[PDB]
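Student: Dumping the structure here so I can ask a few things about it.
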Amino acid sequence: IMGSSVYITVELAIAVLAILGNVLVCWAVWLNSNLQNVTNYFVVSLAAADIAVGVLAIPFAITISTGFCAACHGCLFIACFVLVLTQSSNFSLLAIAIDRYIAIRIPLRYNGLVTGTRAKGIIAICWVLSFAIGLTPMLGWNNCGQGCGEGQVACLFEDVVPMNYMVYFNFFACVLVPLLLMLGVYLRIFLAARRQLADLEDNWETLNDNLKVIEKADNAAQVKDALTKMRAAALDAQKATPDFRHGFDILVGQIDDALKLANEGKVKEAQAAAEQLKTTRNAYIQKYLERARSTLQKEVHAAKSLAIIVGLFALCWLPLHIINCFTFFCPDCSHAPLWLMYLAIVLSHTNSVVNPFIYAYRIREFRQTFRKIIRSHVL
Amino acid sequence: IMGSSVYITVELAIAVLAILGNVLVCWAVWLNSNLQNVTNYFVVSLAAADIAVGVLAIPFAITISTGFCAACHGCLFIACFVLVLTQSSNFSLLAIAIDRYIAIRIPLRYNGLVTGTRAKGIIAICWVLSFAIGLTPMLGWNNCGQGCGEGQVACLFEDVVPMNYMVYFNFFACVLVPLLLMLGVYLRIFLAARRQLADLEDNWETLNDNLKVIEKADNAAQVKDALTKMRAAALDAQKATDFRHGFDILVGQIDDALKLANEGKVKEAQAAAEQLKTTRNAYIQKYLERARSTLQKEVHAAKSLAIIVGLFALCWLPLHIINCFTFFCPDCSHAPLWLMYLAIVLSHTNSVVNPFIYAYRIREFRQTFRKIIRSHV
Ligand SMILES: CCNC(=O)[C@H]1O[C@@H](n2cnc3c(NCC(c4ccccc4)c4ccccc4)nc(C(=O)NCCNC(=O)NC4CCN(c5ccccn5)CC4)nc32)[C@H](O)[C@@H]1O
Ligand SMILES: CCNC(=O)[C@H]1O[C@@H](n2cnc3c(NCC(c4ccccc4)c4ccccc4)nc(C(=O)NCCNC(=O)NC4CCN(c5ccccn5)CC4)nc32)[C@H](O)[C@@H]1O
């Protein structure tokens, strides 16, 4: 088999999975109602760019690996467009990553900040900078101011796109920063799930232990110390908690009634009051947990969701762009074989097509809507 | 006197200093034919943007300080437009600095790359960049999501333009990046002189010595050893650089001096080598004339850049340095009213005196400014 026939056969397959995997998501949003929220409009817009990446961009990238006699400013257009469409995916994916940062770390402000209005404008900002970075060489910064005769060059990417443009401008800004942002967004969401866990479990253990002491502590002032450490832990739990505000005002009250029952000879009532506030028997503690729980198990999901996206985004775009930097800074030294460099192109067009499907299939509601269309409309 | 009455007074004074000095720069380039090159097209293009700053941006950046009752997207439009205008003064100053980087370190490809079509193009890139950045808040990244009633905010800058836009985005990319680039441009040009200076003052001295040897050089083959060093030095000088014609004859004359030196020393070596002394050496004399011309030409374009960078950092730093302090440390100590407003005036001063000082350092500009005065006056 040829070296070009294999590239095109594989490269055209990704274009199919591009359109297929992203219209199914574009199908599940148009059908299921509980998926039409703000977060998933970005998935609609990312899949919309991904379909433009599959329909229009991948054929324009195969066009570039041929190198036929064509005019400069025309062959420049082809390379600018595949740049434009590959800018849109990395930018729309960045919007989903930042949206998850808002609804998870700043939840009491998510409604009045990410409405349907600015979400329609955030995507409009992504596509505007895609056409700004994209159509930059067309306005001068290209490589034909001065084989096929006059006016016609070999239509390859490195021939019409300046390599310093790809090194200094395109990579450093449209792949590096978008990755270092989704990195910092994943990290601060990951770390947020780690701080909420350690303080809840430690507060918890102090409550059960102290109530365990008090119940089994007697003939000493240990009860006074145990109530003090219980009060402090309930307040630390109040600082993080926001139902939960009302219930915490009452837990503080029950510790005071506990301290008022610990005050005058009512040592058994102080033990009863520790039983009032002991986990098993407190309506407010149990309510406090399920909140502090539900957020943990939910945003650890959206943490691993980002861990998979960043782990896939860095994995796909860097090989193509790292090879670029060696060609510009180290052109005397060694290259990569003729097959390994085209794979760096294949991987680039993978992240731009299989990203909206991974985070979709990781959510249980998208996983149930997909099955309802495959069994019904497909068959 | 008022703290606001002096603000608009000082601001309007700067608005005129923009108008005159840069129309003067454009008055000069339109007169002299030899000023109509490609680099001074970037100086006119920059001088044109600084005229717009004093005509539109300064009247807009004052209305922004009043904090008057107006709809948000009306104060946004006044606030995004001042971000589009100051944008193009730093991106056109960047184009001058990039142009001066090419002409100095890569001169054998300057005219074949920086045509009037791509200079018409590069400037368009700088301007299309500004709209793509300045009109980001108008596309959503503003402040009126959720005094004067409903829908109308106190038309201040920080009331319509976010601060994560003016730190995470507008400073990181439109003050820090443009300034650090022109810093590296100055750095690579400043180091270009020391390397073109050394290897020549090396080649020249290696050449002076061996012939000064050859003059008082003894009988025997020691004269032949000295010629071998001169040939290698002449090859090094030919490597680092009409002109290429004079070296092949020079290399030809050293080989002409070589065979004669291989056989009879006393008489054969003296004629050719003595005419390789600067006096009877036409090709060395043409060669030294070029290096003397190029060396102190790029240093006056290196000091011209240390000034362009120094003036640029002296003004666009105090504004965005305070922007970062109010964004990453809003609780801690503030800069007072006048000092924060001074930083606004600073960032507006560079926008009216930056093409000037650079153009005024050009000697062809300096005569064209005095010819305008005597004719007008
Ligand atoms: C969000 C941003 N979006 C993008 O960046 C998108 O733009 C595309 N792209 C981005 N850099 C691209 C890029 N660098 C060029 C790079 C390279 C070339 C080929 C394959 C991978 C990378 C290169 C390396 C070495 C020399 C020149 C360029 N070469 C291409 C693109 O088509 N090559 C297909 C057609 N070329 C070719 O047959 N060359 C042959 C290969 C062998 N000889 C080599 C190797 C070493 C030295 C000299 N000769 C040169 C001729 N495409 C790119 C890509 O599809 C991205 O998705
Ligand atoms: C391509 C780059 N282009 C540019 O950067 C241009 O855009 C303009 N600009 C860029 N950041 C700007 C910027 N930050 C706001 C910053 C500041 C404010 C005033 C003066 C200098 C800097 C600030 C600091 C602290 C608090 C809020 C904002 N404030 C203004 C601009 O007009 N203030 C005039 C109208 N506001 C005001 O009276 N507030 C008062 C100031 C005093 N109280 C303070 C200070 C501390 C704490 C509380 N209260 C707040 C209200 N203008 C800017 C400026 O004209 C630049 O030339």
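Read top to bottom, the protein sequences are chains A and B. The opening position of the first sequence corresponds to residue 50 in the working numbering, with each subsequent residue numbered one higher. The opening position of the second sequence corresponds to residue 66 in the working numbering, with each subsequent residue numbered one higher. The beta carbon of each residue, even a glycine, is placed where N, CA and C say it ideally should be.
Can a CB atom of chain A be found closer than 8 Å to the CB of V232/B?
Tutor: Translated into positions along the second sequence, residue 232/B becomes position 167. No, no contact with chain A.
Student: To the nearest angstrom, how far is the alpha carbon of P243/B from that of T74/B?
Tutor: One-based indexing of the second sequence puts residue 243/B at position 178. One-based indexing of the second sequence puts residue 74/B at position 9. Straight-line Cα distance between these residues: approximately 30 Å.
Student: From which residue to which residue does the beta strand (DSSP E) around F133/B run?
Tutor: By one-based count along the second sequence, residue 133/B stands at place 68. Note, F133/B: beta strand (DSSP E), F133 to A136.
Student: CB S401/A to CB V102/A, shorter than 8 Å?
Tutor: One-based indexing of the first sequence puts residue 401/A at position 352. One-based indexing of the first sequence puts residue 102/A at position 53. Contact flag set, yes.
Student: Going by DSSP, what residues sit across from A219/B in a beta bridge?
Tutor: Locating residue 219/B in the second sequence gives position 154, where the first residue counts as 1. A219/B is bridged to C134/B.
Student: Is the stretch 316 to 331 of chain B touching the stretch 260 to 269 of chain B, taking contact as three or more C-beta pairs under 8 Å?
Tutor: no
Student: Please decide whether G189/A counts as near chain B, where near means a Cβ-Cβ distance under 8 Å.
Tutor: Position 140 of the first sequence holds residue 189/A. For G189/A, the answer is yes, since a Cβ of chain B falls inside 8 Å of its Cβ.
Student: Cβ of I84/B less than 8 Å from any chain A Cβ?
Tutor: To locate residue 84/B, count along the second sequence from 1; it is residue 19. It does not: the Cβ of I84/B has no partner Cβ on chain A nearer than 8 Å.
Student: Tell whether a beta-carbon distance below 8 Å holds between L300/A and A283/A.
Tutor: Taking the first sequence and counting its residues from 1, the one referred to as residue 300/A is at position 251. Taking the first sequence and counting its residues from 1, the one referred to as residue 283/A is at position 234. Closer than 8 Å, so yes.
Student: Since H399/B is in the alpha helix (DSSP H), which residue starts that stretch and which ends it?
Tutor: Stepping through the second sequence from its first residue, residue 399/B is reached at position 334. Where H399/B is concerned, there is no enclosing alpha helix (DSSP H), given that its DSSP letter is neither H nor E.
Student: Give the straight-line distance between the Cα atoms of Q303/A and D224/B, rounded to the nearest whole angstrom.
Tutor: Indexing the first sequence from 1 puts residue 303/A at position 254. Indexing the second sequence from 1 puts residue 224/B at position 159. Across the structure, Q303/A and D224/B are spaced so that their CA atoms are roughly 46 Å apart.
Student: In terms of alpha-carbon separation, which member of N268/A, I371/A, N160/A and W176/A lies closest to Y217/A?
Tutor: The residue you call residue 217/A lines up with position 168 of the first sequence. Considering only alpha carbons, the answer is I371/A.
Student: At a CB-CB cut-off below 7 Å, which residues of chain A make contact with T180/B?
Tutor: What you label residue 180/B is simply residue 115 of the second sequence in a count that begins at 1. Here the neighbours are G194.
Student: What did DSSP end up calling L184/A once you bin it into helix, strand or coil?
Tutor: Along the first sequence, read from residue 1 onward, the residue named residue 184/A stands at position 135. Three-state DSSP puts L184/A in coil, outside helix and strand.
Student: What residues in the stretch 295 to 325 of chain A bring their beta carbon closer than 8 Å to a beta carbon of chain B?
Tutor: Taking 8 Å as the upper bound on Cβ-Cβ separation, chain B lies near no residue of the stretch 295 to 325 of chain A.
Student: Report all residues from its chain with a CB closer than 7 Å to the CB of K289/B; omit the five preceding and five following residues, and keep chain order.
Tutor: Position 224 of the second sequence, counted from the first residue, corresponds to residue 289/B. So the qualifying residues of the chain are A326 and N327.
Student: Within the 8 Å Cβ cut-off, does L178/A reach chain B?
Tutor: Taking the first residue of the first sequence as position 1, residue 178/A is located at position 129. True, the Cβ-Cβ gap to chain B drops below 8 Å.
Student: What residues from chain A crowd round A189/B, counting only those whose CB sits closer than 7 Å?
Tutor: Looking up residue 189/B in the second sequence gives position 124. Those within 7 Å of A189/B in chain A are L188 and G189.
Student: Please report the distance separating the alpha-carbon of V202/A from that of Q195/A.
Tutor: Reading the first sequence from its first residue, position 153 is the one you call residue 202/A. Reading the first sequence from its first residue, position 146 is the one you call residue 195/A. Their Cα atoms are separated by approximately 11 Å.
Student: Kindly indicate the opening and closing residues of the alpha helix (DSSP H) around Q325/A.
Tutor: Stepping through the first sequence from its first residue, residue 325/A is reached at position 276. Its alpha helix (DSSP H) spans residues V316 to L326.
Student: So does the stretch 153 to 169 of chain A actually touch the stretch 188 to 200 of chain B, counting three or more Cβ pairs closer than 8 Å?
Tutor: no
Student: Mapping the DSSP letters down to three states, classify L178/B as helix, strand or coil.
Tutor: Position 113 of the second sequence, counted from the first residue, corresponds to residue 178/B. It is coil, neither helix nor strand.
Student: How long is the line joining the alpha carbons of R340/A and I129/B, rounded to whole angstroms?
Tutor: Counting from one through the first sequence, the residue named residue 340/A turns up at place 291. Counting from one through the second sequence, the residue named residue 129/B turns up at place 64. Going from the Cα of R340/A to the Cα of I129/B covers about 45 Å.
Student: Just to confirm my understanding: we take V103/B, look at its own chain, exclude 5 residues before and 5 after, and list those with CB closer than 6 Å. What are they?
Tutor: Numbered from 1 along the second sequence, position 38 holds the residue referred to as residue 103/B. Within the same chain, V103/B has close Cβ partners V179 and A184.
Student: Does the beta-carbon of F377/A, which I'm using as the reference point, lie nearer than 7 Å to any heavy atom of ligand 1?
Tutor: Start at 1 with the first residue of the first sequence, and residue 377/A comes out as number 328. No, since every heavy atom of ligand 1 falls outside the 7 Å radius drawn around the Cβ of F377/A.
Student: Using 8 Å as the Cβ pair cut-off and three pairs as the minimum, do the stretch 64 to 71 of chain A and the stretch 403 to 411 of chain A touch?
Tutor: yes
Student: Along chain B, in chain order, which residues have C-beta atoms closer than 9 Å to that of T185/A?
Tutor: Position 136 of the first sequence holds residue 185/A. In chain order: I190, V193 and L194.
Student: Would you say the beta carbon of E76/B is closer than 7 Å to some non-hydrogen atom of ligand 2?
Tutor: One-based indexing of the second sequence puts residue 76/B at position 11. No, ligand 2 has no heavy atom inside 7 Å of this Cβ.
Student: Cα-Cα, which of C134/B, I123/B and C137/B is closest to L148/B?
Tutor: In the second sequence, counting from the first residue as 1, residue 148/B sits at position 83. The shortest C-alpha to C-alpha distance from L148/B to any of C134/B, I123/B and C137/B is the one to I123/B.
Student: Can you determine whether any heavy atom of ligand 1 sits closer than 7 Å to the C-beta of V395/A, and answer yes or no?
Tutor: Sequence index remark: in the first sequence, residue 395/A carries index 346 (1-based). Not a single heavy atom of ligand 1 lies less than 7 Å from the C-beta of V395/A.
Student: Quick one: does the C-beta of residue 493/A sit closer than 7 Å to a heavy atom of ligand 1?
Tutor: With chain A running from 50 to 428 in the structure shown, residue 493/A is simply not present.
Student: Just tell me which of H365/B, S157/B, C137/B and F125/B has its CA closest to the CA of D115/B.
Tutor: Working through the second sequence from its first residue, we reach residue 115/B at position 50. Ranking the options by Cα distance to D115/B, first place goes to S157/B.
Student: With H398/A and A97/A assumed to form a contact (beta carbons below 8 Å), what rounded beta-carbon distance in angstroms separates them?
Tutor: If you number the first sequence from 1, residue 398/A lands on position 349. If you number the first sequence from 1, residue 97/A lands on position 48. No, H398/A and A97/A are not in contact; Cβ-Cβ is about 17 Å, not under 8 Å.
Student: With DSSP collapsed to three states, give me the class of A424/B.
Tutor: Taking the first residue of the second sequence as 1, we reach residue 424/B at position 359. Note: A424/B maps to helix in three-state DSSP.
Student: Quick one: does the C-beta of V218/B sit closer than 7 Å to a heavy atom of ligand 2?
Tutor: Position 153 of the second sequence holds residue 218/B. No, ligand 2 has no heavy atom inside 7 Å of this Cβ.
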